[PDB]
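Visitor: If you scroll down you'll find the structure; I have some questions about it.
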Amino acid sequence: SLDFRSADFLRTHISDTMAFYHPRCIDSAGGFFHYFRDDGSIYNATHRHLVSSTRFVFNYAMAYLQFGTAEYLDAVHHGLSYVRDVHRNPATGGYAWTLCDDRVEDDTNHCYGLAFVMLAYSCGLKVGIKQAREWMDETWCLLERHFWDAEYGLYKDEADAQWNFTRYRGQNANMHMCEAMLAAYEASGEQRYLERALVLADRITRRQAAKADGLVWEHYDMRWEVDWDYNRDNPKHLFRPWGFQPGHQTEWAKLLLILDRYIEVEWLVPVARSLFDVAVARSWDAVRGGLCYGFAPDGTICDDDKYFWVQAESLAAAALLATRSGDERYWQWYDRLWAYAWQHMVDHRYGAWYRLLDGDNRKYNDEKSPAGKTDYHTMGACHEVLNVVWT
Ligand SMILES: [Cl-]
């Protein structure tokens with residue numbers, strides 16, 4: 001009976017998750033704490049990760065835009081200071097990947113990191129920080145100088161502190177960069193950002209997908225040919241897992257439908273539908289509920305864990321596909337994804353979502369939000385659905 005498609009539900013859910021993190025995530029000494037137990041207690045106060053530092057700026061910016069709460073605007077400023085004063089290396093323009101007690105632990109320059117930095121700065125401009133328009137331009141320049149490969153229409157992934165790149169090429173940083181470029185466009189109105197987002201979408205969801213039977217594989221060589229073996233022996237790596245990730249197929253479907261809002265071009269929706277339909281067919285657990293984490297190129301599930309962000313990205317995609325297409329089967333997907341998530345993944349005692357469950361929907365431990373997780377994916381999905389329903 002709960003109406004998962006109502007603004008009432010979505011706004012309340014976002015506010016429940018904000019109540020988990022706020023104000024306990026704020027470190028008055030600098031930035032945010034990045035490791036939280038189920039009950040909100042901090043289990044590692046000293047280790048910090050660029051992906052959390054940036055995602056928490058998104059959390060609070062999108063919440064301020066929705067609710068107007070002054071404490072949330074203050075937290076956007078606090079979070080951006082940490083990104084600019086502690087992560088950022090003024091000598092190179094790069095950003096520390098991880099810190100331990102404000103000392104740089106890993107200074108590797110990850111494109112994935114810069115996507116999140118671009119997103120945090122775009123959020124800063126959206127909340128009225130006019131200086132963020134320049135920080136966005138500085139980040140664009142840094143990306144063009146080192147990461148962009150015009151010949152392929154895609155960014156390289158990973159360089160050391162002197163900008164020496166590895167040969168690895170990855171869809172995931174490009175996917176988040178498409179997302180960041182859309183945010184940058186929404187914040188600044190600059191056409192270059194929207195157009196770069198479109199180029200990235202075309203190259204990944206059409207050209208690269210063609211090499212893997214119509215779905216987006218994660219890992220590639222330096223010539224952007226598929227690397228079928230990368231991390232086969234470390235398949236649960238956090239950013240570079242092995243196998244097709246249904247969550248990334250649906251996340252792309254969402255990004256293509258956001259592009260379709262701003263760009264008039266025929267190919268976006270049919271590609272979005274192909275990615276979403278195949279991904280959920282292959283990965284939905286019809287017995288226990290929920291989308292599984294990974295499947296191999298033969299279709300066989302290779303990781304049946306149920307992750308928070310997979311469900312979230314998929315319901316956001318389903319809502320966008322439903323509204324654009326008028327196909328009610330997409331709202332049925334939306335409803336079943338939420339029914340699963342509400343029953344198993346959302347913590348009704350403390351708020352926010354569990355990170356993952358095993359295939360039997362059991363908890364592994366009490367580490368709700370380790371470094372990298374801020375419920376940016378779950379609140380972000382709700383903010384996105386709020387763009388297509390009456391509020
Ligand atoms: Cl997250």
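Naming works like this for the structure tokens: A, B, ... for the chains as they're shown, residue 1 at the start of each chain, ligands 1 onward in shown order.
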Can you tell me which residues sit at most 6 Å away from ligand 1, counting only C-alpha atoms and all ligand atoms, written as a CSV table (one decimal) with N, CA and C atoms, in the first residue's frame?

Guide:
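pocket26.csv written:
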chain,number,residue,atom,x,y,z
A,373,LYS,N,30.9,4.8,0.5
A,373,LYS,CA,29.5,4.8,0.6
A,373,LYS,C,29.0,5.9,1.4
A,374,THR,N,28.1,6.8,0.8
A,374,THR,CA,27.5,7.9,1.5
A,374,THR,C,26.0,7.9,1.3
A,375,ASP,N,25.5,6.8,0.7
A,375,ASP,CA,24.1,6.8,0.2
A,375,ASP,C,23.8,7.9,-0.9
A,376,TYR,N,24.9,8.4,-1.5
A,376,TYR,CA,24.8,9.2,-2.7
A,376,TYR,C,24.0,8.4,-3.8
A,377,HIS,N,24.2,7.1,-3.9
A,377,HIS,CA,23.4,6.3,-4.9
A,377,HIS,C,21.9,6.2,-4.5

Visitor: Please provide as a PyMOL selection string all residues within 6 Å of residue A:220, with the sequence filter that same-chain residues fewer than 2 positions apart are discarded (counting only C-alpha atoms).

Guide: chain A and resi 169-170+224-227

Visitor: For residue A:100, please output as a PyMOL selection string all residues within 10 Å (counting only C-alpha atoms; exclusion window: fewer than 6 positions along the same chain).

Guide: chain A and resi 45-49+106

Visitor: Include N, CA and C atoms and write out the residues we just selected as an mmCIF file, in the first residue's frame.

Guide:
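Saved to selection.cif:
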data_model
loop_
_atom_site.group_PDB
_atom_site.id
_atom_site.type_symbol
_atom_site.label_atom_id
_atom_site.label_comp_id
_atom_site.auth_asym_id
_atom_site.auth_seq_id
_atom_site.Cartn_x
_atom_site.Cartn_y
_atom_site.Cartn_z
ATOM 1 N N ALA A 45 37.982 6.812 12.218
ATOM 2 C CA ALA A 45 37.828 8.263 12.127
ATOM 3 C C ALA A 45 38.966 8.921 11.367
ATOM 4 N N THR A 46 40.082 8.216 11.223
ATOM 5 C CA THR A 46 41.290 8.798 10.669
ATOM 6 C C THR A 46 41.483 8.578 9.147
ATOM 7 N N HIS A 47 41.006 7.470 8.617
ATOM 8 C CA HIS A 47 41.222 7.166 7.200
ATOM 9 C C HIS A 47 40.147 7.881 6.374
ATOM 10 N N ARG A 48 40.571 8.588 5.316
ATOM 11 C CA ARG A 48 39.643 9.313 4.437
ATOM 12 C C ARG A 48 39.883 8.974 2.953
ATOM 13 N N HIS A 49 38.783 8.943 2.207
ATOM 14 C CA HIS A 49 38.779 8.561 0.833
ATOM 15 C C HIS A 49 38.170 9.665 -0.016
ATOM 16 N N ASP A 106 47.621 7.532 -0.404
ATOM 17 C CA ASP A 106 47.727 7.081 -1.793
ATOM 18 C C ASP A 106 47.525 8.305 -2.658
#

Visitor: Which residues, written as a PyMOL selection string, have at least one atom at most 8 Å from residue A:78, with only C-alpha atoms counted and residues fewer than 3 positions away on the same chain left out?

Guide: chain A and resi 30-31+74-75+81-82

Visitor: Okay, now the selection with C-alpha atoms, as a PDB file, in the first residue's frame?

Guide:
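And here's selection_23.pdb as it stands now:
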ATOM      1  CA  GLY A  30      38.051  18.943   8.587  1.00  0.00           C
ATOM      2  CA  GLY A  31      35.720  17.128   6.137  1.00  0.00           C
ATOM      3  CA  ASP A  74      27.107  24.987   5.662  1.00  0.00           C
ATOM      4  CA  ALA A  75      28.098  21.332   5.237  1.00  0.00           C
ATOM      5  CA  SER A  81      37.080  23.107   1.825  1.00  0.00           C
ATOM      6  CA  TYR A  82      38.337  19.646   2.638  1.00  0.00           C
TER       7      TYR A  82
END

Visitor: Fewer than 3 positions away in the same chain doesn't count, so skip those; otherwise give me all residues within 7 Å of residue A:257, counting only C-alpha atoms, as number ranges by chain.

Guide: A: 253-254, 260-261, 268-269, 320

Visitor: Hey, which of A:76, A:247, A:359, A:176 ends up closest to residue A:287? Count only C-alpha atoms.

Guide: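 Of the candidates, the smallest distance to residue A:287 is held by A:359.
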
Visitor: Can you check which residues of stretch 53-208 of chain A DSSP gives as helix (DSSP H, G or I) on the backbone and send them as a ChimeraX atom specification?

Guide: /A:53-67,70-87,111-126,132-146,171-188,191-208

Visitor: Write the residues of the selection above to a file with C-alpha atoms, as a compact mmCIF listing (two decimals), in the first residue's frame.

Guide:
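Result saved to again.txt:
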# COMPACT_ATOMS: atom_id res chain seq x y z
CA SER A 53 34.77 13.39 0.58
CA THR A 54 33.17 14.29 -2.78
CA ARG A 55 29.99 12.19 -2.47
CA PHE A 56 29.12 13.83 0.88
CA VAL A 57 29.23 17.24 -0.88
CA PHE A 58 26.63 15.85 -3.33
CA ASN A 59 24.49 14.45 -0.40
CA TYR A 60 24.28 17.82 1.26
CA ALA A 61 23.98 19.95 -1.90
CA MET A 62 21.07 17.94 -3.29
CA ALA A 63 19.42 17.96 0.19
CA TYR A 64 19.83 21.75 0.48
CA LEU A 65 18.23 22.17 -3.01
CA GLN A 66 15.33 19.99 -1.94
CA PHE A 67 14.72 21.17 1.62
CA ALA A 70 20.89 26.03 6.33
CA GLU A 71 22.92 23.38 8.12
CA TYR A 72 23.11 21.53 4.76
CA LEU A 73 24.49 24.57 2.89
CA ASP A 74 27.11 24.99 5.66
CA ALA A 75 28.10 21.33 5.24
CA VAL A 76 28.55 21.82 1.43
CA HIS A 77 31.11 24.60 2.21
CA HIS A 78 32.86 22.49 4.86
CA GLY A 79 33.09 19.51 2.46
CA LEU A 80 34.39 21.57 -0.43
CA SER A 81 37.08 23.11 1.83
CA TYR A 82 38.34 19.65 2.64
CA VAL A 83 38.46 18.69 -1.09
CA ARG A 84 40.35 21.86 -2.00
CA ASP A 85 42.63 22.33 1.05
CA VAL A 86 43.46 18.76 2.04
CA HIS A 87 42.95 16.43 -0.98
CA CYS A 111 40.03 9.52 -13.32
CA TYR A 112 37.25 7.99 -11.18
CA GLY A 113 38.31 10.51 -8.49
CA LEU A 114 38.21 13.46 -10.85
CA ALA A 115 34.64 12.54 -12.01
CA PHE A 116 33.60 12.84 -8.35
CA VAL A 117 35.52 16.07 -7.90
CA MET A 118 33.74 17.51 -11.04
CA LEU A 119 30.42 16.40 -9.58
CA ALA A 120 31.20 18.00 -6.16
CA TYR A 121 32.19 21.31 -7.82
CA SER A 122 29.03 21.26 -10.04
CA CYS A 123 26.99 20.79 -6.86
CA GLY A 124 28.86 23.75 -5.33
CA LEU A 125 27.85 26.01 -8.23
CA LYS A 126 24.22 24.76 -8.05
CA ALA A 132 32.92 26.75 -8.29
CA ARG A 133 32.47 27.71 -11.98
CA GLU A 134 36.27 28.37 -12.08
CA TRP A 135 37.06 25.17 -10.14
CA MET A 136 35.03 23.30 -12.79
CA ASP A 137 37.01 24.99 -15.54
CA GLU A 138 40.32 24.10 -13.73
CA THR A 139 39.18 20.45 -13.49
CA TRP A 140 38.17 20.42 -17.20
CA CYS A 141 41.64 21.78 -18.10
CA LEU A 142 43.39 19.17 -15.95
CA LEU A 143 41.32 16.38 -17.58
CA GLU A 144 42.08 17.72 -21.09
CA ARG A 145 45.80 18.06 -20.33
CA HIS A 146 46.32 14.54 -18.95
CA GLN A 171 34.19 2.09 -18.50
CA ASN A 172 33.45 3.04 -14.84
CA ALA A 173 35.40 6.32 -14.65
CA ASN A 174 33.90 7.32 -18.06
CA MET A 175 30.39 6.49 -16.81
CA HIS A 176 30.83 8.67 -13.72
CA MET A 177 32.45 11.34 -15.87
CA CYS A 178 29.32 11.35 -18.13
CA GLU A 179 27.26 11.83 -14.94
CA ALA A 180 29.59 14.66 -13.76
CA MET A 181 29.46 16.34 -17.16
CA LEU A 182 25.66 16.31 -17.07
CA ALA A 183 25.75 17.88 -13.57
CA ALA A 184 28.32 20.47 -14.82
CA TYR A 185 25.98 21.38 -17.69
CA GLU A 186 22.98 21.65 -15.38
CA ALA A 187 24.97 23.94 -13.04
CA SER A 188 26.78 26.17 -15.58
CA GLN A 191 27.43 23.38 -23.95
CA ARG A 192 30.90 21.78 -23.89
CA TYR A 193 29.97 19.77 -20.81
CA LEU A 194 26.73 18.41 -22.27
CA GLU A 195 28.47 17.56 -25.53
CA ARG A 196 31.30 15.73 -23.75
CA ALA A 197 28.70 13.75 -21.82
CA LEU A 198 27.08 12.73 -25.08
CA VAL A 199 30.41 11.68 -26.68
CA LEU A 200 31.19 9.47 -23.62
CA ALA A 201 27.70 7.89 -23.77
CA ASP A 202 28.02 7.18 -27.48
CA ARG A 203 31.49 5.64 -27.20
CA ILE A 204 30.62 3.42 -24.21
CA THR A 205 26.96 2.38 -24.80
CA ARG A 206 27.28 1.96 -28.61
CA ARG A 207 30.88 1.35 -29.72
CA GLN A 208 32.20 -0.47 -26.66

Visitor: To one decimal in Å, tell me the separation between atom CA of residue A:325 and atom CA of residue A:209.

Guide: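 Atom-to-atom, atom CA of residue A:325 and atom CA of residue A:209 are spaced 22.3 Å apart.
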
Visitor: Need to verify the contact set: stretch 280-282 of chain A, 12 Å, only C-alpha atoms, exclusion of same-chain residues closer than 4 positions in sequence. Can you return it as a ChimeraX atom specification?

Guide: /A:215,244-251,253,273-276,286,289-302,304,310-311,313-315,317-318,330,333-334,336-337

Visitor: Interatomic distance between atom CA of residue A:255 and atom CA of residue A:382?

Guide: 14.5 Å
